[PDB]
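Participant: Generate coordinates for the sequence data below:
(chains A, B, C, D, E and F)
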Amino acid sequence: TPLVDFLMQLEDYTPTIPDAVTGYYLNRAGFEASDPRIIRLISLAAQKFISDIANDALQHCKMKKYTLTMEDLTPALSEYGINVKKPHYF
Amino acid sequence: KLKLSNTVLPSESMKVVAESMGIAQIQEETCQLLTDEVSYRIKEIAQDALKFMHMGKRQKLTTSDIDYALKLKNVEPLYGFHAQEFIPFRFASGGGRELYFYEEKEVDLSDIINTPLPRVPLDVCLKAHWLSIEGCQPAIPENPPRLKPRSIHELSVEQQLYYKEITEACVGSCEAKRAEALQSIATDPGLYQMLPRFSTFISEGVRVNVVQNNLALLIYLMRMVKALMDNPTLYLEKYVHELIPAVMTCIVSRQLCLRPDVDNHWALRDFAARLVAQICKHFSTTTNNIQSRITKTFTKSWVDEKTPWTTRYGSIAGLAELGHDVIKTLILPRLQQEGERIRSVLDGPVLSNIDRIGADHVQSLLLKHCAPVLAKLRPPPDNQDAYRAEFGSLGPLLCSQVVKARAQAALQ
Amino acid sequence: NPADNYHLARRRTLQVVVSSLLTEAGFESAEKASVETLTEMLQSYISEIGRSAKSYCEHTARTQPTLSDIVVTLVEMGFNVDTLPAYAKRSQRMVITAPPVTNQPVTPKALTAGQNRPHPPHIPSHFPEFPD
Amino acid sequence: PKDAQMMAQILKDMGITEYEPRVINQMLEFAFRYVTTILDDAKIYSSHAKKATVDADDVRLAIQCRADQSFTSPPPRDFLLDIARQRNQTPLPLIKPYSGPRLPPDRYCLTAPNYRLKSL
Amino acid sequence: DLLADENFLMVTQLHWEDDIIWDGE
Amino acid sequence: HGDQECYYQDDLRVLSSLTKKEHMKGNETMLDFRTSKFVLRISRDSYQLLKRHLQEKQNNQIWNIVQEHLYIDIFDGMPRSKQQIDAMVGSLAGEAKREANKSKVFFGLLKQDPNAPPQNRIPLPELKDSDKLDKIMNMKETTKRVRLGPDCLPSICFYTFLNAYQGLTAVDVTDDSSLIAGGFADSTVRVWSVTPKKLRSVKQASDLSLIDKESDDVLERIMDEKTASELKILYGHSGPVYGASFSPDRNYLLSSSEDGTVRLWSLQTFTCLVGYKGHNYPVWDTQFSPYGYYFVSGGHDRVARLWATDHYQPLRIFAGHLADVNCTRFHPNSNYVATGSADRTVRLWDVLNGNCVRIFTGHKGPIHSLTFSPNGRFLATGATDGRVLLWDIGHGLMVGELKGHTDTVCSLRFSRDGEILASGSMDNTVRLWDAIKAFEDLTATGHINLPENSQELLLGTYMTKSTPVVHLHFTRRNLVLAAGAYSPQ
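Facilitator: Numbers count the residues shown, from 1 in each chain, chains lettered A, B, ... in the order given. For reference, the structure is listed below:
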């Protein structure tokens, strides 16, 4: 039960996103805060998604580090199947 | 009469989008075909987002109404990105993109971390009140607003009583009462049509309350004036001709009671009076009537030779709290006179009078004002002995005050 | 101000979380439209495990979701859940605190002392006093 | 702006007097998202027909093949009236007098023992 | 414009400075 | 387009958008307008001039469009005035036939009344001893009930939601003024106790197994005092809760939302029990029956379903509207369901056979409030045009028009006696109307000459501080309750 062990360790762990903010967007969708550790695992999963996109974007920036531009998010999300849109109207 | 039209998006914006994508050489009929399709979908959604506005009982289309109007038409509410697979986010609104027309389009990544987060507001609570008492709407703050016949007072018999409870509470026998009355004055919506009797009670009170210098009676009346001013419902500038000479008298008058000890409060009596005086010159302002009139009286109080030092200290405070430019243009050519007055109090042995206390308070206040007046219009170079060109009043201590102001600016 | 703040406090924390993950990656100074893009994908991701793990538990006749309802929710979003114990034990990670909450003495409401008239018998005692 | 001033006239032609300032910004974000998925599919359909110029029949194809999937509608009136008369013919069932809390079968309700992990 | 309501408010038509009590006695 | 009546501007704007064929092939409201027939009630004195201008070959094309797309329902009588025609038109496929409004409607109350239905017509639930105990303390409240009339105007107690930065979208109060529910835009339902008696959940199953039944206290024994708040928040909707409805036994809160589900919350355990998934679309309203077994929910999919809290599937589908079913209200005998809608029609539906027995047209905007008279004889409807139209139910005729309000009338209720109709709208006013002088007179022309008497029927107008009156409730001692989020705007 590796993940059951991890969730049991998640008590005493503070995630990058607060549980007052992760729990707010969970309450908006009907998910109510029965257990803090479950909120913390959801917060960590969201963090991993954003972090993986960011790291792929940084490999693209290093290939072309420093500033993150929309032309770095565009090929980074293209392997994810997500076509990001430029603003172009402001 | 109805000249309703059909407005569509411009086609010269649709060719810019097409050639910035790799689709070049598009015809005008091809380009007009794009801008009537997408202008219908904007019209189809904004008519469908108006259903959620009415159902939520709002008159303002919020940003979330288009998120539900899009989800209703089986289109993902996501605006910034589009996921072909659709499995990571399935019809989940990300709240749009906080973007502007006048934005910077590049920020530093530690600027967003170091800014303080906004305060989460209060949660929803249920309070009850009364719209109608047997047909009549009460004037509570939860509600918006030949013999000739024997006339009636324009106040209810009951109406006279509050005038009576609030005035007998505002003379400060008990502090929580004082407050209960204070609370009432600052937010009673129906306190108009009683306001002549309050203004007359204030004005008449200060004038027969400076016959014997009763400081509390005066500190309570000044707090009553401050509570009268911040009430948003009542119309005050019909009564300010009684209000202003009362506060000038608190600031520019001699103290008939013990000179020292409560002079600390006396400074606050002049502190509360100068606060409400510059708040009255901030409001009620028309051309060359109110602010310039009190400025002229303050300046001829200052340039008057051989003043009472209580009157001197009060007028100094009054001219001091007038804002940024007023001390920038008025306190400048007068430092030598202030220094000479301080030197006279110092030389003459007389210590049992109030002249020495008045002098110390005036010098401290003038030195603090001069400090930022300097911090505001010059660099902080040569803060050791250059102030000796200005008679050496505050000097290095003034420089230290300027440094403390600079530290506060750095903290901001 | 306060209604904007209700939504903004929870969006600005999401933006600071995004800025912190970007810094951990190596990015210093990002484009502005690239930050409001990524914090919109972050809010849409928390709101999607909210709607789908509630749907997976309520399909099994329950009301609050366990661990087995999220490890099937994250599978249906393509997450590869096993890599998450290694991500949680980073040495580079930051912590953003919860935003300030406007609470004074639980509730700072004590009304005012303006009670005189009683109640006619069609108004019970638990309604507010008839105003003075 | 140019395209943002036309968006305030599409809303005013629909009688929307009051709206948030972020309403115009994200209808332009949807209108940009919609035209860069018609024209993206239009050159996919042009390369299928093997023509170097994306002409008006390609955009006619890409509109009606995106409107066949994206923008749906409620069910039609001849479909709603058929499932109504199929449902409204069945008579109302009688009620058991002391069955208790009247609920559906337990696989259709949300009443389960509703477990949680032991904290250790 | 000289018939504007403000012109007739007694703050703009009264020498209320004379009221301020200085060194009263 | 500019010679069209001013009340038709919204439909005219939707039409101005429609220029293509495929734009109209997915609208489903103009698709049902093109296939239906406009009813167009005209008199025989004016139809003779019309048919003497259409039976000639000079205009045989516009005569061909008339006899293809328009019904014409002829009545023998006086031609109506312009301010009487303006009172009863306004809908799409509007001003329905008199043959629809001639069915026999059992508009009487249950227990002789000849207009009352039998008790075994609709299989209503039994009256339990705890439900019979409720009516014993209900008639103690009726003892203190004041006769309101035009002289003893009622006192209004506004229950404002102060902070409410999540937008309040649904309010309900129990029949005794004891609970107040709030449906909010942050997908929550929040129950407030207004009596000095905190909201308690019942004890867990381990605690109930050790106590005994058959005790007199029983309910008191079961309450948990460890869980006792003045506020209980209910989570589980994934969208803004639009409907809120209490059950008459003060259990069983109902809520409907944007996510297409109707939810039955217990008020003894304060959890969710059932999620009724029949709509795929936003359910705009729900209401329990006044006997508490059936409930009706109307949604964006242009139907209203009849549920029974025992089946996962509905029993009756009321599927005749051409737009969203905004409101759904039960009759006081619960044999009839009134469904107002966004196509400017109000329709009564028999619970047996699912048939539409009345069609009430004459509103200019989408109907956002319905209420029934406590007699069961009358029906008040409000819409976005600020008009409160009072309809007869036996005759199927509007009996009055109340036109004091400015913005959308979002809440109506009659008194407990029926003496006063209270109206609350978005102009932040609670208007009181004389609901006895409005029904002093009780055809074949299918219409009555409405009196233009609104000024005499207004007993009072009370303005809220920047607060739209979302709910109106009448205490059993005839005290008006109103709830609305305070929005400074």
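Participant: Nearest to chain C within chain D, name that residue for me.
Facilitator: In chain D, the residue found nearest to chain C is residue D:112; the distance is 4.3 Å by CB to the nearest CB. C-betas here are computed from N, CA, C, even on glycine.
Participant: just checking, residue F:338 is part of a strand?
Facilitator: Yes. With DSSP: H, G, I helix; E, B strand; the rest coil as the criterion, residue F:338 is located in a strand.
Participant: Can you name the residues that contact it?
Facilitator: Listed by CB atoms under 8 Å, 6 or more residues apart in numbering or on different chains, the contact set of residue F:338 reads F:327-331, F:346-349, F:370, F:372, F:379.
Participant: what's the helix or strand for residue 24?
Facilitator: The chain I'm using is chain A. Assessed by DSSP states H and E, residue A:24 sits inside helix A:19-27.
Participant: Chain C is the one I meant
Facilitator: Applying DSSP H and E as the criterion places residue C:24 in helix C:2-25.
Participant: circling back to that earlier point, between the contacts of residue F:338, which is closest to chain A?
Facilitator: For the contacts of residue F:338, the nearest to chain A is residue F:328 (23.5 Å; CB to the nearest CB).
Participant: center of chain E - which residue?
Facilitator: residue E:14 (2.9 Å; CA atoms, centre = their mean).
Participant: which SS state does that one fall under?
Facilitator: With three-state DSSP as the basis, the three-state label of residue E:14 is coil.
Participant: what's the closest non-adjacent residue to it?
Facilitator: Leaving out its chain neighbours, the residue that sits closest to residue E:14 by CB to CB, 6 or more residues apart in numbering or on different chains is residue B:241, at 5.3 Å.
Participant: Against residue B:203, how distant is the one you found?
Facilitator: Taking CB to CB, to the nearest Å as the measure, residue B:241 falls 9 Å from residue B:203.
Participant: hang on, the earlier thing: tell me what angle the helix holding residue C:24 forms with helix A:19-27.
Facilitator: Comparing the axes of helix C:2-25 and helix A:19-27 via axes from the mean of the first three to the mean of the last three CA atoms, to 10 degrees yields an angle of 110 degrees.
Participant: With only the CA atoms kept, save helix C:2-25 in PDB.
Facilitator: Output in PDB follows, covering the C-alpha atoms of helix C:2-25 (Å, rounded to 0.1, in the frame of the first residue of the first chain):
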ATOM      1  CA  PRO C   2     -14.800  42.600  -0.400                       C
ATOM      2  CA  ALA C   3     -16.600  40.500  -3.100                       C
ATOM      3  CA  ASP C   4     -13.500  41.000  -5.400                       C
ATOM      4  CA  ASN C   5     -11.400  39.900  -2.300                       C
ATOM      5  CA  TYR C   6     -13.500  36.800  -1.700                       C
ATOM      6  CA  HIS C   7     -12.400  35.500  -5.200                       C
ATOM      7  CA  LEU C   8      -9.000  37.300  -5.300                       C
ATOM      8  CA  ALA C   9      -7.600  36.000  -2.000                       C
ATOM      9  CA  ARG C  10      -8.100  32.500  -3.300                       C
ATOM     10  CA  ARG C  11      -6.800  33.400  -6.800                       C
ATOM     11  CA  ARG C  12      -3.700  35.400  -5.600                       C
ATOM     12  CA  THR C  13      -2.700  32.500  -3.300                       C
ATOM     13  CA  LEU C  14      -2.900  30.300  -6.400                       C
ATOM     14  CA  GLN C  15      -0.700  32.800  -8.400                       C
ATOM     15  CA  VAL C  16       1.900  32.800  -5.600                       C
ATOM     16  CA  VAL C  17       1.900  29.000  -5.600                       C
ATOM     17  CA  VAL C  18       2.500  29.100  -9.400                       C
ATOM     18  CA  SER C  19       5.300  31.700  -9.000                       C
ATOM     19  CA  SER C  20       7.000  29.500  -6.400                       C
ATOM     20  CA  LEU C  21       6.800  26.400  -8.500                       C
ATOM     21  CA  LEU C  22       8.200  28.400 -11.400                       C
ATOM     22  CA  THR C  23      11.100  29.600  -9.200                       C
ATOM     23  CA  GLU C  24      11.800  26.000  -8.000                       C
ATOM     24  CA  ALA C  25      12.000  25.000 -11.700                       C
END
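Participant: packing partners for whichever helix or strand comes after it?
Facilitator: Next along the chain after helix C:2-25, taking DSSP H and E as the criterion, comes helix C:32-59. For helix C:32-59, the packing partners by 3 or more CB pairs under 8 Å, 6 or more residues apart in numbering or on different chains; DSSP states H and E come out as helix A:19-27, helix A:36-63, helix A:70-76, strand B:81-83, helix C:2-25.
Participant: In JSON lines: the ones you listed, plus mean neighbour count.
Facilitator: Converted to JSON lines, the helices and strands packed on helix C:32-59 look like this (neighbours: other CB atoms under 10 Å in any protein chain shown):
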{"stretch": "helix A:19-27", "mean neighbour count": "23"}
{"stretch": "helix A:36-63", "mean neighbour count": "21"}
{"stretch": "helix A:70-76", "mean neighbour count": "20"}
{"stretch": "strand B:81-83", "mean neighbour count": "21"}
{"stretch": "helix C:2-25", "mean neighbour count": "22"}
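Participant: of all the ones you listed, which lies closest to chain F?
Facilitator: Each of these has some distance to chain F by CB to the nearest CB; the shortest is helix C:2-25, at 3.9 Å.
Participant: relative orientation of the closest one and helix C:32-59 in degrees?
Facilitator: Relative orientation of helix C:2-25 and helix C:32-59, computed by the same axes, to 10 degrees: 100 degrees.
Participant: Not counting its own residues, what contacts stretch D:5-22?
Facilitator: Identification of contacts with stretch D:5-22 by CB under 8 Å, 6+ apart yields B:4-10, B:39, B:42-43, B:46-47, B:50, B:59-63, B:96, B:98, D:23-24, D:27-28, F:9-10, F:13, F:16.
Participant: got the end-to-end distance for that stretch?
Facilitator: 13 Å (CA to CA, to the nearest Å).
Participant: ok, now stretch F:296-305?
Facilitator: Criterion CA to CA; first-to-last residue distance in stretch F:296-305 is 6 Å.
Participant: For chain E, which residue gets nearest to chain B?
Facilitator: For chain E, CB to the nearest CB, closest residue to chain B: residue E:19, 3.7 Å.
Participant: which non-adjacent residue is nearest that residue?
Facilitator: Computed as CB to CB, 6+ apart, the closest residue to residue E:19 that is not its neighbour in sequence is residue B:245, at 3.7 Å.
Participant: same question, residue F:359
Facilitator: Counting by CB to CB, 6+ apart, residue F:359 lies nearest to residue F:96, which is 4.1 Å off, once chain neighbours are set aside.
Participant: pretty sure the one you found is touching residue F:358, no?
Facilitator: No. Using CB atoms under 8 Å, residue F:96 is not in contact with residue F:358; the gap is 9.1 Å.
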